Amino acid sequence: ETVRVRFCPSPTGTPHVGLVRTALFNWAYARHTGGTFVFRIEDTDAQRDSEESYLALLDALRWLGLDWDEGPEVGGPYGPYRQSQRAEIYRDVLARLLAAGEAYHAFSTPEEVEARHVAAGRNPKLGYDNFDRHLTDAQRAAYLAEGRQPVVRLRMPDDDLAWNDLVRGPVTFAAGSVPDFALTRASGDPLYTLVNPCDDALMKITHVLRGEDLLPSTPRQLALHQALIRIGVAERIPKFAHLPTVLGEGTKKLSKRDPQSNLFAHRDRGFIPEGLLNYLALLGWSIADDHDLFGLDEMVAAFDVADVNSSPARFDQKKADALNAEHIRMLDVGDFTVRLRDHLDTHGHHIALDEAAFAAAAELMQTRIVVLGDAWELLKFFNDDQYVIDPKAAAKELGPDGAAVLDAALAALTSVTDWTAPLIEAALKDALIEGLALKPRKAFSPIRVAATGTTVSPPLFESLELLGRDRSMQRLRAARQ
């Protein structure tokens, strides 16, 4: 205590599920511990789609129910929260590192390092060789008079580089194996190698939780974090927590070009935020050994990032859909109906039932869909303008024996006093099973097609009710021929 974690993407492209898990895992850990969840935009390197992506990231976080405590809109005591608005801070902090002799200006060309390696017998493949450490003030001034644009490098300590990862356990880099690293470009502008730990340090981050594709960076940042305390910019080093990389369909990383990495594809299909949050949570974590179905409140009580496994998680759409279905099934019918109706509408797929008739239809669909979008195909027969008898269904059901069936059905239905599913059922059973003596599945099949256009449909008798006497009869009579 008090825990401060951070979600700090670059604004490029739609938020991917791997990145959103990181978001989720920090939000849960903050919320678990009584801590603070900091939202920092890493937009020093602005690309064209950057506002498109910024807007996309906040929408992801706001759809899924993940507020931030400090960041965009809300502010905080440690701002600004856009890296692009902190250029002054980096330059100052670079000034102090330099003055302290924690960092130094380097002038070496890669050809010059290469030749030194060559001269040494060493392989050039090795990185920077720390040469520029010992430059004379004469050598420095000379370079500047030549027009050489130095970059700023951090002086690494000379001992073993290690930390105890919260997920991976102890990780060690050999002493002297990681070269003094660039903090700026030739232009003078700070790199991620400076801005990331500088901001973590200054925003007082206590725990870093991030994809393990960043792991290598960590001994540089610990080295930087250590200088920052010496210079008085910080007083603590954060703990690191490297989260398992999410796998695709081959044992490679889940691709950005692969549709299932895209958060909004899931949303577009009709994932509800509850289903996707439960899923994403299981990407490197279990809540218990006896179950994997939980809401967000149960997640927050239970989540500690030390139980995250270093074993790679594979994305399982079947598992995802399965969780979404149970979450759909878990909503109270009022909430679900308003979610179903809005999904459909805002997709141009408005079902032409009134508020009460739709409510009935939605109650039938709650247990028959894996996603919200599944409804369109099940329900669109309620729309006169979407009605189409499917070629296969009319060929199989609406032939020779279809005639007596539709004839008998039409006969039975015309005397149904109150048009209600029980009485429709009671009439249709008496005329078709009892009367014509066929198996229910063969008695009701062509009736299904006449009313719905297809061979798979919501409960048939409820469907006939919602459709009204008039349209049922109308559809059945036209179906004969």
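For every residue, the number given is its place in the sequence shown, counted from 1.
*Asks:* Which wins on mean Cα temperature factor, 381-389 or 235-243?
*Replies:* 381-389 has the higher mean C-alpha B-factor.
*Asks:* Quick one: higher average CA temperature factor, 310-318 or 326-334?
*Replies:* Per the deposited B-factors, the answer is 310-318.
*Asks:* Of the options 40, 48, 31, 62, which has the highest CA B factor as deposited?
*Replies:* Largest recorded C-alpha B-factor: 48.
*Asks:* Select one of 256, 168, 105, 86: the residue whose C-alpha shows the highest B-factor in the crystal structure entry.
*Replies:* Within the set 256, 168, 105, 86, 256 shows the top C-alpha B-factor.
*Asks:* What third of its chain's C-alpha B-factors does residue 444 belong to: lowest, middle or highest?
*Replies:* Highest third of the chain for residue 444's C-alpha B-factor.
*Asks:* Within this chain's modelled residues, let me know which third the CA B factor of residue 213 belongs to: lowest, middle or highest.
*Replies:* Bottom third by C-alpha B-factor.
*Asks:* Lowest, middle or highest third: where is residue 22 by Cα B-factor in its chain?
*Replies:* Bottom third by C-alpha B-factor.
*Asks:* Splitting the chain's C-alpha B-factors into thirds, which one does residue 292 fall into?
*Replies:* It falls in the bottom third of the chain.
*Asks:* When the deposited Cα B-factors of this chain's modelled residues are ordered and cut into thirds, is residue 206 in the lowest, the middle or the highest one?
*Replies:* It belongs to the lowest third of the chain when residues are ordered by C-alpha B-factor.
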